[PDB]
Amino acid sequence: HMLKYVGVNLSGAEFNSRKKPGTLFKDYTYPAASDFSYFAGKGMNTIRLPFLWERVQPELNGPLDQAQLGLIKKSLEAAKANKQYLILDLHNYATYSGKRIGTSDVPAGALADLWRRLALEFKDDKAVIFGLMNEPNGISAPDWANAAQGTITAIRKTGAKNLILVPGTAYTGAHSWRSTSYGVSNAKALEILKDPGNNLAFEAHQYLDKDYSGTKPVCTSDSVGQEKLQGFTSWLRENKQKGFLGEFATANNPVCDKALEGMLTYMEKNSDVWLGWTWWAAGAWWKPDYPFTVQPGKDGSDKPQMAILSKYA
C-alpha cells in the first residue's frame, strides 16, 4: 500500500443500538480473532472497530464498563499480533441514548470525559487510533468543532500522543465538506482546531449512491468517487492537514468496480494528504444480501470487492 493505513471496518459491536446494555452474542458481537488474521493476510494493516458509547460508558461522566473495555482490549491484542492498527470508533452519530450532543441532556463536555477515559487506557498503545465520533449530524459545523476541540484537548491533557481522527458534521461526507448552502461549512469551521500534540487527521466518509448514504447498491457513475473526494483533498492540502476515509463502499457491479478502482487510485495519487482508508464493512453478522460485505464466506472464499481492495494493500 502506498497509503499508510489500509483496511476494513469490523462491524458488529455497534449493532442493535437501541438495546442498552444489550447482551454480548445476542445483540452485538466483537470480531473473531480470525477476522484480524484474514484481513492481515490480504495486506490490510488497519481495522476500524465500531462500538457504542452507551456500552463502554453506561452513565455519562461515569466509569468505563470493564467488560466492554475488556472486549476492546481483546480486539487490540489480536490487532497487535497481526501487526495492525486499531481505530476505536465511537460509533454514535453525535448522540448518547438518542439525544444529541449540545442539548442539556448531553453536553459537549460529556464526550470529552469519555475520550479522557479512553485516552488514559490506551495512551501507551502505539497501535491505537482515536476515532472521535462516527458521522456527527444534527449539529452545526461550529458547534461540532467546539465539541471536537474539547475532546482533542481532553485527550492531549492525558499525555496521549495517539493519532486522533476528527470528523465534521453532515455525516462527515467528503462531498459536502465545503458546502455553505445551509450555513457554515465543515471546511471553515474546522480550520479553528488546534491539536497541541500535532497528530490529527480529518475523517471523511464517502458513498456513491444518489444521496451519498450508501443505502442503495448503485454508483451513480464510474468516476463519482474520485470526483467527490477532490474538494476535501484540496482543503487538506490548503491547510497542511491529513485525511482518512473512515468509511466508503461500492457494490459488486461493473460501474461500481470502475468507481472503486478510480477512488483508490485517486487516494494513492494524493498520498501526500491521504493517510488511508477503511472499507465499510466486514464482520460476521452481515446478511447474505448485504451489498458491501467483504467478510469471507463460511466456505473461506473472498468477497468480490476484496480482489480490488487487496491490490491497493
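For every residue, the number given is its place in the sequence shown, counted from 1.
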Segment of higher mean CA temperature factor, 47-55 or 60-68: 60-68
Tell me which stretch has the larger mean Cα B-factor in this entry, 97-105 or 235-243. 97-105
Highest CA temperature factor in the entry: which of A154, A145, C219, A174? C219
Based on the PDB record, which member of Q230, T158, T169, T215 exhibits the highest Cα temperature factor? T215
What third of the chain does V8 rank in for C-alpha temperature factor, lowest, middle or highest? lowest
Ranked by Cα temperature factor within the chain, is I192 in the lowest third, the middle third or the highest third? highest
Here the Cα B-factor of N199, set against its chain, lands in the third termed middle
How does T180 rank on Cα B-factor within its chain, lowest, middle or highest third? middle
Of the three thirds of its chain by CA temperature factor, lowest, middle or highest, which one includes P136? lowest
